[PDB]
Each structure stands twice: as C-alpha cells, then as structure tokens.
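Peer 1: Provide a 3D model corresponding to the input given below.
(6 chains, ligands or ions: 27)
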Amino acid sequence: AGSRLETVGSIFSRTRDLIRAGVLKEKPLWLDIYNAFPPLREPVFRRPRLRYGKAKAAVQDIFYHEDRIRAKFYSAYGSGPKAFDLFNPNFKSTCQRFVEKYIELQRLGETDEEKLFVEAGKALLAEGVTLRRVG
Amino acid sequence: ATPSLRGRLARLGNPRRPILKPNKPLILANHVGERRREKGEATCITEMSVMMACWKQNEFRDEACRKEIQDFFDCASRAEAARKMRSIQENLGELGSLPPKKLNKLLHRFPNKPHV
Amino acid sequence: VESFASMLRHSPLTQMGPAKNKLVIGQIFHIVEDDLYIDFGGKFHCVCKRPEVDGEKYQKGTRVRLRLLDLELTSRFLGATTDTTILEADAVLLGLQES
Amino acid sequence: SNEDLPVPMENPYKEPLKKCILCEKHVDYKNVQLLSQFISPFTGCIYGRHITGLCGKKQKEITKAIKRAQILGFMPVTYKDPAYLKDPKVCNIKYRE
RNA sequence: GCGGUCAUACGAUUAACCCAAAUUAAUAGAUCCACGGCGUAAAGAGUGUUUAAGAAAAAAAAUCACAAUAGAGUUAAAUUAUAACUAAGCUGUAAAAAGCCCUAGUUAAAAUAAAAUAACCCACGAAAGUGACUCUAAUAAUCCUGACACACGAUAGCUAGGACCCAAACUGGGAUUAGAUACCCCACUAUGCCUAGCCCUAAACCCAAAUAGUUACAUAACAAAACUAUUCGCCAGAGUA
RNA sequence: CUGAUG
Ligand SMILES: [Mg+2]
Ligand SMILES: [Mg+2]
Ligand SMILES: [Mg+2]
Ligand SMILES: [Mg+2]
Ligand SMILES: [Mg+2]
Ligand SMILES: [Mg+2]
Ligand SMILES: [Mg+2]
Ligand SMILES: [Mg+2]
Ligand SMILES: [Mg+2]
Ligand SMILES: [Mg+2]
Ligand SMILES: [Mg+2]
Ligand SMILES: [Mg+2]
Ligand SMILES: [Mg+2]
Ligand SMILES: [Mg+2]
Ligand SMILES: [Mg+2]
Ligand SMILES: [Mg+2]
Ligand SMILES: [Mg+2]
Ligand SMILES: [Mg+2]
Ligand SMILES: [Mg+2]
Ligand SMILES: [Mg+2]
Ligand SMILES: [Mg+2]
Ligand SMILES: [Mg+2]
Ligand SMILES: [Mg+2]
Ligand SMILES: [Mg+2]
Ligand SMILES: [Mg+2]
Ligand SMILES: [Mg+2]
Ligand SMILES: [Zn+2]
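Peer 2: Numbering: from 1, shown residues only, chains lettered A, B, ... in the order given. Ligands and ions are numbered 1, 2, ... in the order given. This is the structure:
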C-alpha cells in the first residue's frame, strides 16, 4: 500500500526506499519529476520547539541612513500634505523629496546638521510645496 | 491597565519567592462565562406615583383627576411595546452589550494557541 | 538587472516609515449596508463606517482619503505562543479624493 | 557589493518614553495642596497606580509623604482638607455618574 | 491461585512430556542493588559562615529608590476604665435560649494591643521574617562548592518580673441531636503584649541544592519544558517506624 | 436546622 508515517522524513525518502525494497511495484508519476528537479530543502518533518533562554531570532531589522533623515522631517513637520499613493510604483513623497534634497546638499561639503536640515526646507519652497511645521 | 506578571509565578528561572499562586493555569479560555440571569428594572414608577397621588388627595376617585390615569396607561403601553420590540432589536444588533452566545462564537473564530 | 535590495529601498512603504498618523489614499473594493472595506494598499483592508455627509457618494471603486493608525492589529495574551492577528487594519475616514 | 542593503543601526523613529505627572519634579511632605490631589475627598483613601498614573519612582514617595504628613499634623486622615477641594482634578476616577 | 456435582490445578486410571542410574524436596552456594535517581513514587537535608577537602579548564564583576535588622522617641481610626442626657431594653442566631438589665445611644476620655486605603506595588534580609511615623547604628567577602564546628531559626511551650483594650486553649452555661464532653451563642483563663533566660519544632513547600552556562538531541503522565561541567547531603519494597 | 450504619 504505502507509508503513512510523518515524523520519519520526507515523502521522497519514504517512497524511494520502499520502491528499492520492492513492495510498491508501481512507480508514481511525480517521482521522476522529483528526481529531475528536487527542491532546495528536503521536506522532512521538524517539530517547532519553542526558543528559551537568551537565544534570539536570526532575523535582522531593516533600517537605512535615509530613515535617520526621515525621522527629522517626521518630528519637525509630521505627515506631508501630499498623501501617499501606495498604488504608484514610482510615487515620490514629500519626505522622499526632502531626504533627496538632504543627500544632495550633503555632497556640497556641508557638515552642520542645521545647515543640512533648514536649507532643504528653504529650497523646497522653490519647487513650491507647502510645509506645516508642528509646534 | 493589566497588572504586571513578571516575577509572580513559581518557575525555575525565578530567583525570588513566587508572589502569585494561581488556582488554575492562567490561560485565556476560548469561551466566556455565561451571564447569571441578566435582569432589568421596573418601569413607570414616576408615572404611578403621580397617579396614586390623585387617589391619596381626592380620596380615591378617578373622576377627579384623569390625565394622571391616562399617562400611566400610555407609559404601560410603551413599556409593553419596548419589552417585545427591543427583545429582538438588541439581539439582532451589537451596538452595546451582547449575550455570551455570540461572545463564544466570536472567540472561537480567533482562539488562543496554547501549543506550537 | 534590478534585484530585490534596490527595489525595496525605493518602496513608498519604506519612505512612509512608521504607520502612525499617515495620510494615505485607498480605493474601496467591497460595499456593505453600513461598513466600507477600504484597501489603502499596504497589506490589509481597513473597515470604516459610512458618515452622514455624502454617504451616498461612496460606491464600489471610489478612492478616499485615510489617516492610517496601525498597519495590522496584532497583540499577545496569556498563554499565546504567537499573537492574535485581526487580519485587518486601523484607519479613519477624512475625505474622498479631494481634488 | 550592493549599496542599498539595510545597515545595523538604531531605530530613528523611537518615540520618547512617557513621563509621570511628577517626572523630574520635587515632591515634599509639606505641600498639603499637592498631596491632597491624590486622596479621596469623601474618605481619604490613597489612589493607586491604576487611578493616578505615576511611574515607579514618585508613586512610593507620594505615599511616604502622605503618611508623614498624616502623622506630623499637616494633613487630615479621615477626609481631605476642604480648602484644597478647588484644586484641579488630576486623578482618573469619576464618582457621580 | 485452584477446591459449591462439567476439578485438564485435589486422590486414582489412561495418555503425554522432560531427565535418567538417576529424579525430586530442603539448605547452602556463584551471579544478581546504584557510574541509576532526589517536584508529584525512597531522596535537595530549616538558613548562613567556616576547617579538612576538591575543579578554579576562554573571557567578564563588585554598590544603589521601596517593608533587612538592632536601639530611642511618637500616635491616626476603633475599642475600653471613667462622667453627663435619654429609653427599658442590649448583645445574641436560619429560629431561639442563655447572659447582661452597674444595660444601650450621643458628647468628652487616659493606659494597653494592633498597625485601614496606599499594595493592580514585589523591595529588603542567609532563612524564618518585615510594609503607622521619625532619629542613630547598619545590611560581609576584588564575591566557587564545602560539615557532625560556630551562629541564627515563625507560631506554639517553659521560668522570673511587668502589662492586659481585644481575641481565646481549657472551663461553666444555652441551643441541635438517640447521644454531641463539636461545628452555633454568652462569660472567662492560660496565651497572644514588653525585658531577661531557655526550648530549636513546621506542608521551615517554591515539596524543584549551590556555583557558571545552553535552546543542541529531545513530550512515561501531570505539574514549573528539556539539559550541561565541579561539588556537597540523602535514596536499597511496604507496614512494623 | 439536622439526618448514623450496610
Ligand atoms: Mg493548585
Ligand atoms: Mg477552570
Ligand atoms: Mg467432576
Ligand atoms: Mg492431578
Ligand atoms: Mg534501583
Ligand atoms: Mg517525597
Ligand atoms: Mg532546600
Ligand atoms: Mg526536618
Ligand atoms: Mg526590643
Ligand atoms: Mg487616640
Ligand atoms: Mg432570657
Ligand atoms: Mg486600663
Ligand atoms: Mg496601621
Ligand atoms: Mg533575597
Ligand atoms: Mg553584600
Ligand atoms: Mg563557603
Ligand atoms: Mg490574662
Ligand atoms: Mg472577651
Ligand atoms: Mg460548654
Ligand atoms: Mg510566648
Ligand atoms: Mg524559636
Ligand atoms: Mg514558611
Ligand atoms: Mg522535602
Ligand atoms: Mg496521553
Ligand atoms: Mg549545598
Ligand atoms: Mg523497611
Ligand atoms: Zn516619573
């Protein structure tokens, strides 16, 4: 018939050995496909033990240097007037234009944080965006 | 807010004396307790007081004062109508409170996961 | 070829940062008798209530404005190895594509 | 070789921590007007954390100052001084519904 | 464990099985307990320090609000000894009875005992233990484990002196029961209170030993998930105990 | 309120 065992291993590891033993005298059609293109991980059963102690997950947080600049704009003026449009792939927000102006002014050899921060807000008035400083 | 729970129970990692001694394991069940015969209060008490005031003043006769007899019947009819209509309106809607018969089905949709 | 690392940095979700009080635009995709499932576009769809002003102007496919509060309501309780996800989002109605 | 990889940095959007009403303040045992804003006007029970909302430091010092002022003769125990009844309500408890 | 008219288990017969000039029965023997455990089955000893003794196998540190403890001073609520007005009732249980009518309420009131809310706080101390206020002294180790030695060790018990509002072992009454030397009600004592000196016991339980760590293999059951390296003290069926 | 045993 077959092997209804789960914790021993994978379906391939349970069918190939059975066919080698000679009980299953008919080869499944998917076995040739599995031998031709095996997956990256063998589907072995693994029990999700809970993580105790000082151990922590191996995932690393996502943070960029642009976030350190966006924090300044979000603490100074808050949310921009032009609402975000999550459907447009190339949508550029007010804070995105601000951090672009910031990183552009950084190349001019400006090391003062105030010089890099207020000049971008003053230059955005040339493009003509409206800023609402939260006080 | 919710009281603190760190350093309360008796565990191997807790170095001090356990503070809380739970009778049963502090696991949030997937069904709430059924309300013990939720009751209600009477009605038209103020309308009955001013009605019996006529009886006590005019020596128990209805031909003397009449509006205190008609408003009492109107309050009784309105209470009788609200006892029947709201008994279905509040069970169809969920703006305010709700019986546990729906809280249980709401919790079973998103139950707690003790294992895994 | 543009890999994933470059296309993720230029995502509007990355530019938005935290989801606390952000003005976004969402297109309604389903209509109930009184509730509105508005998909702001990030992960989930927020459920809002139909206001009394221009409540008839809200139809299937209309774009509206929202102030995003939370992206996905998840929290932990007693004896829960994982969180209890609401499979929704938190947002309020301000306008309907003021333009 | 990619330059758009996330960098292991701190959280820039980390909001400041919530402060208690007396955070970075100087509590005393003689300001009866200050200590009365945390006791019940009808009985004199000292309100707890769930009603006041004070962080771990000032909560105990307020209680110590109240207990000192109730024995030294600064503030009555069985009730609240009615002269300090017109003080602004700081607690989060509502009696008259 | 089998023996109440169906005994393959008793006594006899037949038959069969296993040894064999040996077969059974009894007693001695060899071997067999733990390089395994100590939360619920026997087991982490009530706590700390220290001698002897043992590994210091790679690097790090010592100490902060809050009720440790020991002395001295103090009292906010209630209660009471005591006086004054009022009433014949007060306390008492599911219902009563007994007891007190030098009783009961209000206004004042020392001495003693204890220390509402804060406390949904979790700190201090080695443990027991500690949270009404203030003052003085002070809470070891440039920090491993380690006794039968040393020093502590809640309530309860003893001795001497003092205190006694209140609660109460015991005792005397009143209920209920067939009986109640008990649960229910009243009165009262030792005692609980302070100093000095003993006694050194607990479900002294967090039933989980200390020192530095891990989330690797891995659910007897339940319970607080499974474990490492050095140790200390215990565990050989149960009752007898 | 109370109600013992097989
Ligand atoms: Mg239990
Ligand atoms: Mg239960
Ligand atoms: Mg026979
Ligand atoms: Mg025989
Ligand atoms: Mg053994
Ligand atoms: Mg045992
Ligand atoms: Mg022990
Ligand atoms: Mg012992
Ligand atoms: Mg003393
Ligand atoms: Mg007094
Ligand atoms: Mg009598
Ligand atoms: Mg006296
Ligand atoms: Mg006290
Ligand atoms: Mg300690
Ligand atoms: Mg020390
Ligand atoms: Mg030592
Ligand atoms: Mg006495
Ligand atoms: Mg007495
Ligand atoms: Mg007696
Ligand atoms: Mg004694
Ligand atoms: Mg003792
Ligand atoms: Mg104890
Ligand atoms: Mg033991
Ligand atoms: Mg099972
Ligand atoms: Mg030891
Ligand atoms: Mg024995
Ligand atoms: Zn504070």
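
Peer 1: which parts of chain D sit against RNA strand E?
Peer 2: D:39, D:43-50, D:56-57, D:59-60, D:63-64, D:67-68, D:70-72, D:77-78 (C-beta under 7 Å from any atom of the strand). To be clear about C-beta, it is placed using only N, CA and C from the backbone, and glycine gets the same treatment.

Peer 1: Mind giving me the PyMOL command for buried ones among the residues you listed?
Peer 2: Applying 16 or more other C-beta atoms under 10 Å in any protein chain shown to those, the buried members can be selected in PyMOL as follows:
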select buried, chain D and resi 39+44+47+59+70
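
Peer 1: How about the contacts made by residue D:52?
Peer 2: Residue D:52 sits next to D:21, D:38, D:59, D:62, D:90-92 when contact means C-beta atoms under 8 Å, 6 or more residues apart in numbering or on different chains.

Peer 1: same question, residue C:27
Peer 2: Residue C:27 neighbours (C-beta under 8 Å, 6+ apart): A:87, C:38-39, C:41, C:61-64.

Peer 1: could you dump stretch A:54-70 to CSV, C-alpha only?
Peer 2: Provided in CSV are the C-alpha atoms of stretch A:54-70 (Å, rounded to 0.1, in the frame of the first residue of the first chain):
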residue,chain,number,x,y,z
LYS,A,54,19.0,34.2,25.9
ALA,A,55,18.7,32.9,22.4
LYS,A,56,17.2,35.3,19.8
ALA,A,57,15.9,35.0,16.2
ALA,A,58,18.4,35.3,13.4
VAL,A,59,16.4,38.0,11.6
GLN,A,60,17.9,41.5,11.3
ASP,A,61,15.9,44.7,11.3
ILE,A,62,15.6,46.8,8.2
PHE,A,63,16.9,50.4,8.6
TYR,A,64,18.6,52.7,6.2
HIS,A,65,20.5,56.0,6.6
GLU,A,66,17.5,57.7,4.8
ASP,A,67,15.4,56.7,7.8
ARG,A,68,17.6,58.8,10.1
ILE,A,69,16.8,61.8,7.9
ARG,A,70,13.1,60.9,7.6
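
Peer 1: Distance of whichever residue of chain A sits closest to RNA strand E relative to residue A:125?
Peer 2: Of all residues in chain A, residue A:53 sits closest to RNA strand E, at 2.3 Å by C-beta to the nearest atom of the strand. From residue A:53 over to residue A:125 the distance is 55 Å, taken as C-beta to C-beta, to the nearest Å.

Peer 1: Compare the two and say which is more crowded by neighbours.
Peer 2: residue A:125 (10 against 6; other C-beta atoms under 10 Å in any protein chain shown).

Peer 1: you'd agree that one is in a helix?
Peer 2: Yes: under DSSP: H, G, I helix; E, B strand; the rest coil, residue A:125 falls within a helix.

Peer 1: Looking at the residues of chain D next to RNA strand E, which are in helices?
Peer 2: Mapping the residues of chain D next to RNA strand E onto helices (DSSP state H) picks out D:49-50, D:59-60, D:63-64, D:67-68, D:70-72.

Peer 1: quick one: furthest residue from the center of chain B?
Peer 2: For chain B, the residue at maximal distance from the C-alpha centroid (C-alpha atoms, centre = their mean) is residue B:15, at 43.7 Å.

Peer 1: One more: chain D?
Peer 2: Max distance from the centre of chain D (C-alpha atoms, centre = their mean): residue D:1, 54.0 Å.

Peer 1: Tell me the residues of chain B that contact chain D?
Peer 2: Residues of chain B lying near chain D by C-beta under 8 Å from any C-beta of the partner chain: residue B:1.

Peer 1: which bits of chain B sit near chain A?
Peer 2: Residues of chain B lying near chain A (C-beta under 8 Å from any C-beta): residue B:116.

Peer 1: Centre-most residue in chain B?
Peer 2: Closest-to-mean residue, chain B, C-alpha atoms, centre = their mean: residue B:38 / 5.3 Å.

Peer 1: Same question for chain A.
Peer 2: Closest-to-mean residue, chain A, C-alpha atoms, centre = their mean: residue A:62 / 7.4 Å.
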